[PDB]
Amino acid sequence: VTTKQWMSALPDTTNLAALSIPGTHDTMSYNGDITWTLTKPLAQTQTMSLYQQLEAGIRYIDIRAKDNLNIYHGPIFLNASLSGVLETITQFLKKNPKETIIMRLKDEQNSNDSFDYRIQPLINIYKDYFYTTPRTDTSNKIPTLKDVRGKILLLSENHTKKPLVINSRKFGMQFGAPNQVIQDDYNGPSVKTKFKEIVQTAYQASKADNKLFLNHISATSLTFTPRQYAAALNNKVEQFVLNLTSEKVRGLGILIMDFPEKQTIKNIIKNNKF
């Protein structure tokens, strides 16, 4: 099967939590302004553009914005807007209608509630492309592929600490909600330690089927760049996944990476059953 349409080949009845999904950390940090090129080794986390990542099989993206609706990496402008991102993602789903995309949307200045209101008009323009439930529904249950076909599962992260509610509909769910387990030890861990946490989280992910696992392979430190961690960790993660596939262990959750190589993404995909 093609990496461009790998989810379409999966059974409609499969739960989102039962899959091994390749994703990218700080998805848009593959280009940026002058400050971006000056701090390139510290800030860059990807080489492939958004459309290229989607075509390569990535189904989980990490978009970080500010109330001006532009994409940022802290104080660094990434030469992209949320509209441009939304249009790209939406075009991909229109072309490949069975795929689904998990999208973490973070506010870079978590000090304001103005982010929630400002993004609403833009998100509303693409309402037909978002997985949505009624406001009253607090079921929190993880959807089935049938329900998210050709749609975006939004994971909101901002000051309000609540899910994006536009009109009477609740858009996606809250990032960090009780139905998702997150491993995000980014703050300078040793390679050995980081690997243990990745492996432990993947192990726990296999035993459960009622929660979403966001397992970050990514990290930084004052003396080790994202590029350096990826070069050490990605291959180790890849071989671990290859092994588990032999033991018939599937549904490892969302493996969120920096600088993922095409072959690595394919092997994570192959962990699912077709």
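One rule holds for the numbers: they count along the sequence shown, beginning at 1.
**Q** Once you work out the mean C-alpha B-factor for both 109-117 and 180-188 from the entry, which is higher?
**A** Stretch with the greater average CA B-factor: 109-117.
**Q** On average, which has the higher Cα B-factor in the deposited entry, 10-18 or 252-260?
**A** Mean B over CA atoms: larger for 10-18.
**Q** Reading the B-factor column of the entry, which of 79, 158, 193, 201 has the highest value at its C-alpha atom?
**A** When the deposited C-alpha B-factors of 79, 158, 193, 201 are compared, 158 is largest.
**Q** Using the entry's values, work out which of 83, 136, 90, 100 has the largest Cα B factor.
**A** Comparing C-alpha B-factors across 83, 136, 90, 100, the maximum falls on 136.
**Q** Name the third of the chain's ranked CA B-factors that contains residue 33, choosing lowest, middle or highest.
**A** Answer is lowest: the recorded C-alpha B-factor places it there.
**Q** Sort the modelled residues of this chain by their C-alpha B factor and say whether residue 208 lands in the lowest, middle or highest third.
**A** For residue 208, whose C-alpha B-factor we compare with every modelled residue in the chain, the answer is the highest third.
**Q** Sorting by Cα B-factor within the chain, modelled residues only, which third would residue 50 end up in: lowest, middle or highest?
**A** Its C-alpha B-factor belongs to the lowest third of this chain's values.
**Q** Lowest, middle or highest third: where is residue 67 by Cα B-factor in its chain?
**A** Highest third, going by the recorded CA B-factors of the chain.
**Q** Can you tell me which third, lowest, middle or highest, the CA B-factor of residue 247 falls into for its chain?
**A** Its C-alpha B-factor belongs to the highest third of this chain's values.
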